[PDB]
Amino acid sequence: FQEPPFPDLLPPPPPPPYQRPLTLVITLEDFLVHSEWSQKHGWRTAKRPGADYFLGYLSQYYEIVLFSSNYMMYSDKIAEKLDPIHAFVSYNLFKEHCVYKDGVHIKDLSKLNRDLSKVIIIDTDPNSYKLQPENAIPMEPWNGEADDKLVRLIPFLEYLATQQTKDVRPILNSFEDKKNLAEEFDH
């Protein structure tokens, strides 16, 4: 284990040519997986349609940080079905790494030791990015039904990485509602 200082959560990015143009921070529950209890089956957990492709494909443009909103043991339990694909994640973070202020657990992007102009967070609770909403792409919580909402995020995210932009924050502010970002991306 080689890791961060003072008291930044991530070690420094590798130098070019290995550095990715951008850092993508994503949450775990109600985004990649969904867990539920029924009488017929146990506690079962499901992986979203396209999760494997999503992580594998975007890893070529992004340093992918899986920042769970859950404590680590619970996170590990419901993330089990992500095992064969999990190696494409660069770093793992958990609720233990959030900051507590105003009765809210916040993923404070400034503690990531990353240039904030080069960082995107996708999450299902706006409080998780309460300190840096200008970096955020909101998603409504996944309830377990098959969809392709995940994969449809890719063309815009792929666009950002292959377009030399020196800041990602003014571009997200150029949408007048980020909840329809994927299709608003259609001219």
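Heads up: residue numbers just count along the shown sequence, starting at 1.
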Return whichever of 63-71 and 125-133 has the greater mean Cα B factor according to the PDB record. 125-133
What stretch has the higher average Cα B-factor here, 162-170 or 9-17? 162-170
Looking at 101, 81, 107, 77, which has the highest Cα B-factor in the entry? 101
Would you please rank residue 52 by its C-alpha temperature factor against the other modelled residues of its chain and give the third it falls in: lowest, middle or highest? lowest
Going by the recorded CA B-factors, say which third of the chain residue 117 sits in, lowest, middle or highest. highest
For residue 146, the third of its chain into which the C-alpha B factor falls: highest
